[PDB]
Amino acid sequence: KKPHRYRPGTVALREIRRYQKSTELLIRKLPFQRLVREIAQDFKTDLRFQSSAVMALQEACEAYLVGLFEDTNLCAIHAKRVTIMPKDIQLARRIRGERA
Amino acid sequence: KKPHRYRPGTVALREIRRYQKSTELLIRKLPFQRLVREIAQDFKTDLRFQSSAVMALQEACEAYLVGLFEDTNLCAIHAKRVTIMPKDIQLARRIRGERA
Amino acid sequence: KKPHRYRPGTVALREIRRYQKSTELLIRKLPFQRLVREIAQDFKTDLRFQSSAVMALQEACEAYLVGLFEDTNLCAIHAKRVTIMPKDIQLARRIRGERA
Amino acid sequence: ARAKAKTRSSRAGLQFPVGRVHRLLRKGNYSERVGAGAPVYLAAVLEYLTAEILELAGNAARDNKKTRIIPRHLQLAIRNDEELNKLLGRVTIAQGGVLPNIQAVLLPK
Amino acid sequence: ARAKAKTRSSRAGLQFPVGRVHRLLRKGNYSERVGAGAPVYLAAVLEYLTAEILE
Amino acid sequence: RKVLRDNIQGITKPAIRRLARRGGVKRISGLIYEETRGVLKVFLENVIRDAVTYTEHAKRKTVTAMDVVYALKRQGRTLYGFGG
Amino acid sequence: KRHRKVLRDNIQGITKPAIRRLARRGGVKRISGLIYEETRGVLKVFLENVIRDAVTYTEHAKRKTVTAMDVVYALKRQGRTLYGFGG
Amino acid sequence: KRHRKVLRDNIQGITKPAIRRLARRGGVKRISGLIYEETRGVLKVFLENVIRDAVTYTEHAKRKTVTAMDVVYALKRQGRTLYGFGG
Amino acid sequence: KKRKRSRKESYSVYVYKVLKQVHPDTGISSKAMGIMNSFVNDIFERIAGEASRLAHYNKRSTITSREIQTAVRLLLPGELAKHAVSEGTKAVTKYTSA
Amino acid sequence: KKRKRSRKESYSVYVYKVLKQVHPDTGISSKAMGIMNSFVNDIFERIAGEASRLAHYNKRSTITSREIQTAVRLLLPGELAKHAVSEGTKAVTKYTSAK
DNA sequence: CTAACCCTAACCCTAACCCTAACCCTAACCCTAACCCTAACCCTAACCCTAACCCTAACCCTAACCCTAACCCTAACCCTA
DNA sequence: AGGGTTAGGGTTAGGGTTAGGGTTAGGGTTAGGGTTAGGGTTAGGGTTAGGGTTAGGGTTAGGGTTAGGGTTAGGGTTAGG
């Protein structure tokens, strides 16, 4: 295990084990705070978002993204694969009944 | 010596089209009534069902089976396959959220 | 009490003649400038247009609208009608080759 | 001639506001008439559910070398209990991660 | 007296029972008070949906 | 007299094949019939348990199509036509 | 600092009598009420298609200003050559 | 003063390492290249729907400030009950 | 003993009237009538339930036209919601005028 | 605030008492307390709605212990529903014996 | 009796500046997975036809739904601790 | 104060029963083509890093905004015909 080159695929497992034992937010607040304001501009201007609404929005978005990534990973191993692909997210969302 | 045997595929396709262009039922009524009676016997004894009730039950079961078969065929097509598999049924039930 | 109300038709005809015997513009300039600025905002930010440019744009737009209205009126006259219709506009754009 | 005013929680033996449950059933536009044993039944069911959830959370906290109950331990106990996971399937606990479940195919050779 | 009794469907121009909608809103344990324009709005929405589906 | 073991077999193989053909399946595997029968039995068990609970709450001994539709809507499957 | 109305003219200016004045120039006597929206839409898509080419022409010379010459050059490509303003 | 507003440097706000860390937290070993754009699009659609629901709720409440209570109500109306933030 | 059988309420006459207003040449079977009766009742129960939830969230013990208009915009999608809102506004305007 | 303001409602005291009864010398957090309050409120609203729907289907106007027990048996799963029904019946018997 | 009116108290949301420091972007190297070709098997496609069996056409009747008649207890509203 | 409870008879109705023949399934048969096993090709991102854009507080002020309280009047309610 020289510090110059590590075997690809081994550092990702340690990262997965380390990130699966923490509850901190992965998406950052300031980049996410501007996305919420930019979307609400098309509906109605002069809107003031509370400090607790963006937090719940980010939490729900992170949970939905984690669920979608888990579904895509479950769909990936089905075709004798190990990586995700854009053709799998579409099927994972269609089976759930979201895209209809 | 030529009955002109059909190659495996055209008969299945024309049967799919004929069964899709119809509104009649497929499963019988008396075996389904005996099945639902045997199932209801495990709860409360001396039970009397209804004709409309068992008809609606058969219709809902046929619709659910059609949806499950459609999801399994979609999973098989995504998995570079044309036939359904119990692993595909299990993955469909796992993604749909029925596993419990 | 009497004002000698005009029957629906003579006012429209005299207005058509008065607007055909003139060379002035009809659409305003500042709203058109705001519209083209909003449209240009979707491409490159911090853009500065020109007075002659927006004037030529308004002139070309007015000419295109006049031609489209003439084609729609001709289609309506051919269709045993006197008023324009969105179906007539759609058919005119389909025949002219502008599609959507 | 009031003698004494005994509390409904003491006469029922539960630790839930039967009076507040009855007031919520009367003002919640659920029905014109609200029974007497129905609030006690609902309070007992809610108390049993809360006791089970708190016991599971305390067991998880004791197993995680902690004294206080955190939403992470709550989510862990909920996902561990099959009946609780089947009951609260469409409920996402905030400030809580999933279980470190690694598939066999993702494991290194 | 009472002159004449005009129907709510005729005064509203719709083809839905506004009276039955109001009675269902009053007896459905939805709220203690039921507005006047709310049954007409619901009847109009239901009539438009039924007309679209039937077309 | 009714063989409780001759009820899962009541869902015959050609019936499942015709259902898969109506859905859009060209080739059906051999081990699909047993899993389909098991899933259908579990679903029917749940729906019949819900209907029995509804009938016991209604102080009756006959399961009705109205109770069946109510149970199906409580599970998340609204059915039209049969009832109202 | 900034205008409180961030609508930036959401396809405005094309009012009802403004369309009722351009249609009468062609010869329309009875103008339907369901024509204003389609007219605004076709005007918007035409202005978009022209402004796209205008911006593409202005971005070639590393210039941040749109002149009338680039506008008439983009209009010539669409098939409508205008005289006078450009030159 | 503040003479600027928000732009489209917002879909790019969801950075690539953030999506990679989210996929690693979910349980993904290898992430493809075309996953970030689709994830950003799906997240934008979901945020658009939730924000539209919250705006409708705020307009019904005769207010101009979106609250965490309204956000939780909209999330529960969709079918995603969230705990902790609110009550 | 006595007759006095219970009368089941249905919207069969209103659906047939709408059918004659739209297509005065087609017919509706008994199954289609029962389907339309269940569709109208399900939508009416969903809108009334959404209006009741809005009346319970905001501390107000009433249901006006705004509560129904909000429940329509939240349940119906896009063009259908706008058309239904326009029809309801036209209806309440004709009621407040005539 | 305290300027003629309004007081909300919660169940923090009951949750803390239940926690102290089921496990002494433990603790809890504010986030866990809020999650427990939201869960209790959600279950309460769901059971109340189910009981109201059952009373409306039964052509009755009173929601009683039978309707609550049916709603519990329909909402809760198996052994949890059985234990909840047993506890509710015990509480009803205690209320009938002493009030 | 509750919702449309007005004055107004206080709160909470926004505007703006700092200080770096955890984090983000690219480009530098390389390993193993996604994918095309292909070939071997055995699995289910396609009959199939004689036996399983079901629903067609009715009869009945006795357990069950509930209808409307009598009657009272449970539920609510009041006040005030 | 009237909704729910009780006893009572009517009254629909579903289970039980007959038989049969016309529809269809059960278990064994021939054989096609799809499947997962294999090995060869390619580029796809995995992993490290170091230049450096930008984020979390830390700590201010101002004036929009929710609504607390009070007033009052009119729309939903209740009742009978």
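Along the chain as shown, residues are numbered 1 onward.
So how was this one determined? The header says electron microscopy, 8.0 Å.
The backbone N, Cα and C atoms fix where each Cβ goes, and this holds for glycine too.
Residues or ranges marked as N6-crotonyllysine in Swiss-Prot: H:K1. Under the heading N6-acetyllysine, Swiss-Prot lists H:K1 (among others). Residues or ranges marked as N6-lactoyllysine by Swiss-Prot on the basis of experimental evidence: H:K1, H:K16, H:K62 (among others). Residues annotated as DNA-binding region in Swiss-Prot: H:1-5. The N6,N6-dimethyllysine annotation in Swiss-Prot covers H:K5. According to Swiss-Prot, the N6-methyllysine annotation covers H:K5, on the basis of experimental evidence. If you look up Swiss-Prot, you'll see H:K5, H:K16, H:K44, H:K64, H:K76 marked as SUMO2 cross-link. Taken from Swiss-Prot, the feature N6-glutaryllysine covers H:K16 (among others), and the record attributes it to experimental evidence. Per Swiss-Prot, UFM1 cross-link is recorded for H:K16. Per Swiss-Prot, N6-(2-hydroxyisobutyryl)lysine is recorded for H:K44, H:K64 (among others), and the stated evidence type is experimental evidence. Residues or ranges marked as phosphotyrosine by Swiss-Prot: H:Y73 (among others). As annotated by Swiss-Prot, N6-(beta-hydroxybutyryl)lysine applies to H:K76 (among others), with the evidence given as experimental evidence. The ubiquitin cross-link annotation in Swiss-Prot covers H:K76 and is backed by experimental evidence.
A map of Swiss-Prot features onto the structure.
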residue	record	Cβ within 10 Å
H:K1	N6-crotonyllysine	5
H:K5	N6,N6-dimethyllysine	11
H:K16	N6-glutaryllysine	12
H:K44	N6-(2-hydroxyisobutyryl)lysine	16
H:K62	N6-lactoyllysine	8
H:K64	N6-(2-hydroxyisobutyryl)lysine	11
H:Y73	phosphotyrosine	18
H:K76	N6-(beta-hydroxybutyryl)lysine	15
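It is 26 Å from the Cα atom of H:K5 (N6,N6-dimethyllysine) to that of H:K62 (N6-lactoyllysine). Of the candidate modified residues, H:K62, H:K64, H:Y73, the one lying closest to the residue listed as 'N6-crotonyllysine' when CA atoms are compared is H:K64. Contacting chain I by the Cβ rule (under 8 Å between Cβ atoms), the modified residues H:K5, H:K16, H:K44, H:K76 reduce to an empty set. For the pair formed by H:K44 (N6-(2-hydroxyisobutyryl)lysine) and H:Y73 (phosphotyrosine), distance between Cα atoms is given as 20 Å, rounded to the nearest Å. The CA atom of H:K16 (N6-glutaryllysine) is located 30 Å away from the CA atom of H:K76 (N6-(beta-hydroxybutyryl)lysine). In this structure the C-alpha atoms belonging to H:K64 (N6-(2-hydroxyisobutyryl)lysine) and H:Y73 (phosphotyrosine) are separated by 17 Å. In this entry, H:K1, H:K5 stand out among the modified residues H:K1, H:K5, H:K16, H:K44, H:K62, H:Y73 as having a C-beta under 8 A from a C-beta of chain G. Across the structure, H:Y73 (phosphotyrosine) and H:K62 (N6-lactoyllysine) are spaced 16 Å apart at their Cα atoms. Checking the modified residues H:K1, H:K16, H:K64 against chain A with a Cβ-Cβ cut-off under 8 Å leaves H:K64. Counting in whole angstrom, H:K62 (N6-lactoyllysine) lies 21 from H:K76 (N6-(beta-hydroxybutyryl)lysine) by their C-alpha atoms.
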